[PDB]
Amino acid sequence: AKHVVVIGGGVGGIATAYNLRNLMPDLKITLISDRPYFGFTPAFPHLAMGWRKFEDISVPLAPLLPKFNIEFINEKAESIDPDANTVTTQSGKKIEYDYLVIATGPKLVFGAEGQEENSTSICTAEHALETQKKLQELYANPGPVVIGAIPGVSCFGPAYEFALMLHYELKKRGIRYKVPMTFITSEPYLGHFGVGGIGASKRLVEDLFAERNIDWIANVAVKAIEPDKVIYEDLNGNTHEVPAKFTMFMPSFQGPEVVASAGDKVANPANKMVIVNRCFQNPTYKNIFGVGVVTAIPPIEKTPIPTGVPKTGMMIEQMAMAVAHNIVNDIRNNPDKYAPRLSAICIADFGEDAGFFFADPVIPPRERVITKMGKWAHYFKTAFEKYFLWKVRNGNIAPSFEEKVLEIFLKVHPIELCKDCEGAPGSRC
Amino acid sequence: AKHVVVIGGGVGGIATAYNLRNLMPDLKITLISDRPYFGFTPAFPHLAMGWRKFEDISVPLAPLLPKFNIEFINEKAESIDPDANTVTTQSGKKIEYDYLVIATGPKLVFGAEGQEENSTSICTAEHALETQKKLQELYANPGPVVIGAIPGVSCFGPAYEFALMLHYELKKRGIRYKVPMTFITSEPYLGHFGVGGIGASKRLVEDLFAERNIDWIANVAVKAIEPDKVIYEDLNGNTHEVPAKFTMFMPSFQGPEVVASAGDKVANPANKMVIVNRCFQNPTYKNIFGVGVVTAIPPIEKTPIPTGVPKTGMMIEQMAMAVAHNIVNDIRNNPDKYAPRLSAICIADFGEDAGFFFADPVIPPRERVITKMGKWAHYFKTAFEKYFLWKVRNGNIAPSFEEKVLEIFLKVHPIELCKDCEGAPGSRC
Amino acid sequence: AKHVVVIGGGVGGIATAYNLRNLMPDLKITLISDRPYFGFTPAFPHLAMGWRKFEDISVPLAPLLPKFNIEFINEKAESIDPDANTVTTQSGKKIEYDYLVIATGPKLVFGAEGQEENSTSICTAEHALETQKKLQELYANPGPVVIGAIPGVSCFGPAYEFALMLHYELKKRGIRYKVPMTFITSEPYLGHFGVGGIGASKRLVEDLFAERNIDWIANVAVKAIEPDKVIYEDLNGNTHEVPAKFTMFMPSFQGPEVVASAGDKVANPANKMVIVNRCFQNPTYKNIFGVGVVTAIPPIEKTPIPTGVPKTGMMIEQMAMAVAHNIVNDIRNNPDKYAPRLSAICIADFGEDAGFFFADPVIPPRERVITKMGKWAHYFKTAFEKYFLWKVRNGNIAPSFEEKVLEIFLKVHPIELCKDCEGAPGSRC
Ligand SMILES: Cc1cc2nc3c(=O)[nH]c(=O)nc-3n(C[C@H](O)[C@H](O)[C@H](O)COP(=O)(O)OP(=O)(O)OC[C@H]3O[C@@H](n4cnc5c(N)ncnc54)[C@H](O)[C@@H]3O)c2cc1CS
Ligand SMILES: Cc1cc2nc3c(=O)[nH]c(=O)nc-3n(C[C@H](O)[C@H](O)[C@H](O)COP(=O)(O)OP(=O)(O)OC[C@H]3O[C@@H](n4cnc5c(N)ncnc54)[C@H](O)[C@@H]3O)c2cc1CS
Ligand SMILES: Cc1cc2nc3c(=O)[nH]c(=O)nc-3n(C[C@H](O)[C@H](O)[C@H](O)COP(=O)(O)OP(=O)(O)OC[C@H]3O[C@@H](n4cnc5c(N)ncnc54)[C@H](O)[C@@H]3O)c2cc1CS
Ligand SMILES: CCCCCCCCCCCCO[C@@H]1O[C@H](CO)[C@@H](O[C@H]2O[C@H](CO)[C@@H](O)[C@H](O)[C@H]2O)[C@H](O)[C@H]1O
Ligand SMILES: CCCCCCCCCCCCO[C@@H]1O[C@H](CO)[C@@H](O[C@H]2O[C@H](CO)[C@@H](O)[C@H](O)[C@H]2O)[C@H](O)[C@H]1O
Ligand SMILES: CCCCCCCCCCCCO[C@@H]1O[C@H](CO)[C@@H](O[C@H]2O[C@H](CO)[C@@H](O)[C@H](O)[C@H]2O)[C@H](O)[C@H]1O
Ligand SMILES: CC(C)=CCC/C(C)=C/CC/C(C)=C/Cc1c(C)n(O)c2ccccc2c1=O
Ligand SMILES: CC(C)=CCC/C(C)=C/CC/C(C)=C/Cc1c(C)n(O)c2ccccc2c1=O
Ligand SMILES: CC(C)=CCC/C(C)=C/CC/C(C)=C/Cc1c(C)n(O)c2ccccc2c1=O
């Protein structure tokens, strides 16, 4: 029985571990995670709004993973020795591996002066919770609201979802008229999402904001978040201020120190994310795989204010399906290799209703896109939450019917047989 | 009995006077106006188009106000002595006052050079009927038509109405293809309206115009209107001209000389409009109130070309309602003071169809907006006119059911209890 | 018998010749054409896509024309001597005329460097059949496609068609996601078509390109087309580059030499196109008339990158009716002159669906427009093709019913009685 160590107990890690397990019962699998729970991240904005209890959107891992014959180690992974094939945890426990899957997700950078002190974030359950405590003060004393993304940000979705969910909340409380709302993004235009748009997203989102009276400034670098104002800089280099009593800003992401310590064949020097090829396998150390946000994928377009590419839920689900297959195939001496399609369904919950975004694939050129908005989309996200948590709880992230439902509805094929894995992830075999 | 004097027989004046008489049957009211008729301004564009007889959209006041025990003075109020509590008329007749309501509407400034001479306006019924003559000449032998708003304009609606009405008319006599149409405006973008747009009004008006082949220039200053052309200036300081056989440009507004005649405590030095607080009361002379266009309200937005903020019929009806209660509460020694909501239902007639706008409030940030378009809206404009005229003739501008109706359909309340009057009108109390 | 000579076996020539035949059976008519067949130009993009066989979209003229007493000479008109009322052919045959109709269509100019040998065009049948061959080269070797219009272009429609149709095909073959697409135009914005847009056509095309992932660069000047790339130049004169495995660009138009061989009273000194008045008649030589693409019509607006006005089928077949009547009324001593209305009804085919455009007249100011999209519009283009070729084959381009159907469905009269022809073609009597 070969040994696969997975670092990181999130969407990517869980999915790779369950994929490997369901494809090969006679396989020793160890998962290492610094958090004792899997957290459902797409529900963090709602948690930040106080519309979710943490226990509803999390699954304790240590009592669960043994049920699927997976070893859970509840520590941080400190370093990787890819020559020795070894992972070292923080307490000093060394673990040998035959294959390694890195899935540590994003490491937050609050790159704006004062952002970490005077702003709020929704990227972790921990941050989402101290956001909730702060919104409490906004409702009590309605001042101006500023929301958005700093330079380097690569996950733009949640900030739109927060802006619009907050609008809804204030409007339910009959105080929206006491609260100006500005959205500031490093995107060249609204609805760029770090992907150069999804269909006519720029137009869909611009009307959404105009209809719901949400002022916006795009194509600018947010430099500072003071207790009382947000300072930013446009392409001429002049700085501007905007009054703000409450702010929520997306951090930019970088890779973790664990990856960094594997050397510059594994760790991308620029951002410390995991160097991978079309097959989400490391070029140099071919028993190392990266899955999820931590994977180094080049941007789709070099925008005037730096932006990066989002790794969304469905993309990662495909990454995990491809890496699991490629590991299994290597073990079984099958030369076949798979690249993930990297397509994305994306639902942005605006409170009462929601935006549906489908891009196939996400990195252009695209075969097709779907942009729709409705109440149905909001229910779909609540359903999907309930559904994903059940998958984590029942040992299968990729039940065969999900694949076929996605075929019938969207003509989506999650992974393809790759003829040549040498090349940037996202680039076409 | 206490003595209140209403200066001005327009929307605000009549509304305020009627509300007072209905709250307090035994209160003496004197209304002074320089016109023996009440002008229904919302129908003046149709009068310029020749779809109304002046007699149908006017109400003679002399035989009417004495029916509600309102003393009518058919003279111009010349000066105001606020320390001596007196108004002095054109013939020099001194009338003393306990309370003063100023509702003199706008003093028109034809601020582009050559505008009074070479252009038409639709602001007064005199100018409207004049415009009718010029349209006749136009139909006889077509030429370029340019319509719009100069710098300083705060009433954009009627220009949009007129452009689109004139379109429908030129088209219905098959002569449109021989008539270019350009709309040039001081608004930063189309459908800004001085209010920073209403929902996605900017997208909606740009589409209306493109469909109806109306050319447009926004964010420029009309500097000159000549017999043959219109000269305007963009933000670089560059001059451009546009050929024109017929022009109709909106003048800008300023306070009258009668207001100016009271100190710099009643008359806003920058524009001669009445200094009022949240409760539409003068900060220093507590027995002076302003209603309607005459009131100084800070612009919602400093736009690159100076624009002001409209005071719509519903906004004014609300002002008048708030002021009535404020005066009566003060007479009765009741500490309750009321702010108007300053929301707008605004219908722009386009000939056979029309655009329905609803802003709550008008001054951002907004609780909600409605922007719809259709036939029904045009018919609702004809029917509201008939309704409003009936209101003036029957001594109630504010019957109880009307408020309940607006509450049921739009969830609007015309007036709020104001915790503290001290602050700019429109600002949140 | 008077003798009318038509140069041009295309839409313009045929429709003038047929029209004259139906108005005057005893009139002598001679058609000079270098090509032995009428080509149904609107179906050339489909021919390039390989969805038509040449034989289906063309009519042999040599056997056909004698059936309507039209003498067909299959040679290229070489020179026109307006002082001798003659036309000399490539063999040397001098033909006299009492009236002349110039309808040679466009002489293609491949302005960009490398355009003629490296790009491909769809403007003639030979060029279109040649493009099919290169499209084969692409389907087997997926690479970047770029498509558009060079400076000075005037037929933008076929490029939009082609881009869209090509997208449809790439999707059919499942290779769309392996093939980027960029549309590069001299138009100031998308959907300008050299007409200052039709209705809200800019919003419409932009949105069309977004859903389908066709990138675009507008308001630039294409200067080079190399085997592996396209070089364009922006308004700052800064020179840019984009990769290209396959290209397809519209050439600009100029007048033929046969026109140039007459005075500069007949050939416009700037473009060699035929000088005509409102009545598509030459101001100097009153018995010379021009029909179709060869006619000199001023640009609707002076665009940052030069552009021209399209001459669409409906416009041309209206020139033909106007010119016809003008020759007939001269023969019959009727002082009456007609101008064509010049309204367009242009269906842009996209493969499985299509874009309906109606502009009446094409040249602003307009009486009305209709811009719509759907499957029906695609079945309408196929239907119209079958219908038009029937008209060619059956000898009447303007059946009475067709004008009455146009009247009651679009309120379209094809010609207007014109009190004064002296002026630019397309300007208003
Ligand atoms: C706020 C927010 C919302 C959000 N919403 C999404 C949505 O509505 N739809 C969607 O499709 N995607 C959404 N995403 C993005 C994406 O789905 C999420 O970021 C995923 O959660 C990312 O998955 P990953 O597997 O890449 O990372 P992870 O966050 O699930 O967690 C990885 C695990 O690794 C652990 N870990 C970190 N560092 C470690 C070290 N050194 N050693 C051991 N383990 C380590 C960590 O505990 C975690 O369990 C959305 C994204 C956001 C965020 S801003
Ligand atoms: C052309 C035009 C159309 C128009 N349409 C509107 C619409 O469709 N909907 C809407 O909500 N608002 C529209 N408005 C704006 C608004 O409704 C009008 O401007 C109101 O008429 C403004 O009300 P006011 O009471 O502020 O002004 P008034 O003009 O009705 O009455 C002023 C009265 O005062 C008299 N007066 C002036 N100076 C005096 C002195 N010194 N002494 C005594 N009396 C004086 C004056 O004669 C009049 O009776 C629309 C607005 C327009 C117009 S530009
Ligand atoms: C590729 C392409 C597509 C296209 N599609 C159109 C569409 O879908 N709808 C529409 O309304 N218009 C479309 N057009 C534009 C226009 O309708 C066409 O170009 C017409 O064919 C123009 O008609 P004309 O009569 O102006 O020209 P013609 O092309 O038919 O050719 C006239 C004839 O003259 C002959 N000829 C040239 N030189 C001669 C000399 N010296 N002597 C004698 N005869 C000569 C020539 O052989 C031809 O028989 C569309 C336009 C395009 C094109 S890029
Ligand atoms: C057990 C396996 C089954 C898994 C479930 C699979 C998901 C099923 C997909 C359902 C299709 C969703 O996509 C569907 O889109 C259309 C819009 O085009 C929406 O329909 C909407 O149409 C128009 C606006 O366009 C509205 O006037 C209408 O009120 C609304 O219903 C549907 O409400 C939505 O459901
Ligand atoms: C004593 C009671 C009398 C007081 C008056 C009470 C007010 C009455 C309410 C009026 C009804 C509202 O007006 C209604 O607006 C909706 C907006 O979705 C329109 O709904 C629809 O109309 C047509 C299609 O039918 C479209 O142009 C439009 O896109 C669409 O919104 C209705 O055509 C219109 O009739
Ligand atoms: C005997 C010779 C005479 C034959 C000529 C008859 C022509 C009749 C067509 C005139 C009608 C106008 O053109 C009409 O545009 C409307 C736009 O609302 C389309 O109306 C509709 O299109 C399709 C369904 O048909 C829908 O996707 C769309 O939502 C809807 O708008 C019609 O499909 C089209 O026919
Ligand atoms: C509107 C039309 C035509 C179709 C919609 C119906 C669809 C797409 C049904 C598929 C249901 C399904 C299992 C989707 C998979 C799905 C995945 C895999 N991820 O990762 C998500 C992440 C965030 C939000 C939503 C999703 C989501 O819906
Ligand atoms: C489409 C939806 C959801 C609702 C529409 C139904 C509505 C708005 C009903 C309200 C009817 C009503 C009594 C309106 C009062 C009303 C007022 C008070 N003013 O001042 C106007 C000024 C100009 C033009 C129109 C008006 C108008 O309609
Ligand atoms: C959508 C609406 C309101 C009406 C549909 C328009 C209809 C039914 C028009 C009548 C049909 C008809 C005989 C049109 C004549 C017609 C003409 C005269 N020309 O020149 C064309 C050129 C290119 C493509 C199509 C045409 C075309 O359809």
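Residues numbered from 1 in each chain as written, not as in the entry; some residues may be left out. Chains lettered and ligands numbered in written order. Heavy atoms only, no water.

Residue and element names in this part refer to chain B. Taken together, the neighbourhood of ligand 5 is formed by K372, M373, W376 and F409. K372 places a side-chain nitrogen or oxygen 3.4 Å from an oxygen atom of ligand 5. Compared with its free state, where it exposes 780 Å², ligand 5 has 32% of that area covered by protein. (Near = heavy atom within 4 Å. Polar contact = N/O pair within 3.5 Å; in protein donor to acceptor, adjacent residues only side chain to side chain. Areas by Shrake-Rupley, 256 points an atom, 1.4 Å probe, with all protein chains shown as cover.)

Another point: the site of ligand 4. Residue and element names in this part refer to chain A. Surveying the vicinity of ligand 4 reveals the residues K372, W376, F380, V405 and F409. Out of a free accessible area of 780 Å², ligand 4 has 30% covered by protein chains. Of all elements in the fold, only α9 (375-394) and α10 (400-410) reach the threshold of two or more residues within the shell around ligand 4. When its residues are assigned to classes, the shell around ligand 4 shows four nonpolar, no polar and one charged. (Helix = DSSP H or I, 4+ residues; strand = E, 2+ residues; numbered from the N terminus. Nonpolar A, V, L, I, M, F, W, Y, C, P; charged D, E, K, R; others polar.)

It is worth spelling out the interface of chain B and chain C at this point. Contact with chain B, which involves 12 residues of that partner, is made by 14 residues of chain C. Between chain B and chain C lies a buried interface of about 1,200 Å² when both sides are counted; carbon and sulfur atoms form 49% of it. Looking at the side of chain B facing chain C, the largest losses of area belong to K171(B), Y177(B) and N213(B), adding up to 50% of the total buried there. Here chain B is connected to chain C by one salt bridge. (Contact = heavy atoms within 4.5 Å. Buried area = accessible area lost by both parts, 1.4 Å probe. Salt bridge = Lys/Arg side-chain N within 4 Å of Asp/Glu carboxyl O.)

So, about the interface of chain A and chain B. The interface of chain A with chain B comprises 14 residues on the first partner and 14 residues on the second. Both sides together, the interface formed by chain A and chain B hides about 1,200 Å², and carbon and sulfur atoms give 49% of it. When the buried area of chain A at its contact with chain B is split by residue, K171(A), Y177(A) and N213(A) rank highest and sum to 50% of it. Our count for the contact surface shared by chain A and chain B stands at two salt bridges. Among the ionic pairs, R203(B) bridges to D207(A), the shortest N-O distance being 2.5 Å. Considering every element that reaches the side of chain A that touches chain B, the biggest residue donor is helix α6 (residues 201-211) of chain A, with five residues. Tallied by class, residues from the side of chain A that touches chain B come to five nonpolar, two polar and seven charged.

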